[PDB]
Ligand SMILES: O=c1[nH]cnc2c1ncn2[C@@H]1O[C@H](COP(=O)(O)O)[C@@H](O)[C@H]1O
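Take a look at this single chain in structure tokens; it is the form solved without ligand IMP.
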């Protein structure tokens, strides 16, 4: 079967007829504005450590340097025990690292009955799904690791003693949750991003190309959580080329690419009741007291609003809308809110994941062989056979190799799978995302008539027995 080159591919959870698509919606941060890596994470990391120091934390935090090779996205911080957990779709622990000390085997079960956590218990466990969580994730490890090995800190099971005062991982987590939040919304993160854009944000003429062709088959809108001063800066840079969509054409403003522009969306509340629909005065970047209602002329820019409001202005309905973004949402209203958008989920980790999947075929093959052999020793055996062939050295070599394969993805494994088992993150992707790729940009390699036909997912009795 013909398939495009792996790195251009859009992958398909649920089938989707692109001719049917009338409106393309865009997330900005980490979707059109891909922040550069590991620079941007380093930036967030350092400002968060500097905020933690300024509010009391010890100076050794300034020795911390963000390491992009530790965190995998989607881990669970357990504020009871201070652990970064990699669980599966149902709650089973696949990885448990205390600080940087990976708890391997039976001693996990000591803390976690049945190697199992009830991931609905959000008072105890915080999911770290988003791309911005990456620094917070490495940081939580650094903090747990440092205090655990710092002689002036007595480690107990839920935190650390220091004389009369006790700092629990729950208190420690909230300080980190505050700092992070403070950095995003009151620190210099936006500011220092906007003043060295070439170091932090990607630029690529494929962005104005693809959006322009999208605008010839349908409408294009932007629904971003950032304000207008931030969005104007970021979007001006992404469209700063000495031409427009194609070489030779005049450059045009980034606004000219969107039928509707909405900032201050307040997602996910955006997707329910919303906030009052407001309008931004594009000169001050402040909200106008008035708001222009009616037709959909260009030059207007909205703040607040609702999915319904955006859908009414565009004159669409949910299934006419392909929402393109890096965030995974719930369906807490899908059973009442009659309107339901399609989804394209951006998953940047896929780029390096696909490199491992190809550039490391020797480990996938050699696992295939150790399983061939295994399935051969037991060939002529049934329950009558009482032979116990030694397979320890084999069972050893499968661990060492699937661990090697794991570590190709970094110290916390693949985003989508630990060893054989799938992650909780993979399931949310399969639940939420009709389409997904490493960047939406890969839509450029598909015609807008394209029929995306879902990939079959097989249960064991389907993947391992022939027709």
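Numbering follows the first chain given and starts at 1.
Same protein, other form: the form deposited with ligand IMP bound, not shown, and the subject of what follows.
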| property | result |
| --- | --- |
| Answer range among 223-231, 137-145, 354-362, 306-314 for contact with ligand IMP, defined in the bound PDB entry as heavy atoms within 4.5 Å | 223-231 |
| Exercise: residue 27 in contact with ligand IMP in the bound PDB entry, heavy atom 4.5 Å | yes |
| Touches ligand IMP in the bound PDB entry: residue 181 (any heavy atom, 4.5 Å) | yes |
| is_contact(residue 326, ligand IMP) in the bound PDB entry, heavy atom dist at most 4.5 Å | yes |
| is_contact(residue 112, ligand IMP) in the bound PDB entry, heavy atom dist at most 4.5 Å | no |
| Site test, 98, 152 and 166 vs ligand IMP in the bound PDB entry, non-hydrogen atom cutoff 4.5 Å | no |
| Partner-contacting position among 288, 124, 298, 267 - heavy atom within 4.5 Å of ligand IMP in the bound PDB entry | 267 |
| Ligand IMP: the contacting residue among 190, 278, 170, 73 in the bound PDB entry [heavy atom, 4.5 Å] | 190 |
| Partner contacts in the bound PDB entry for 193-211 (non-hydrogen atom within 4.5 angstroms of ligand IMP) | none |
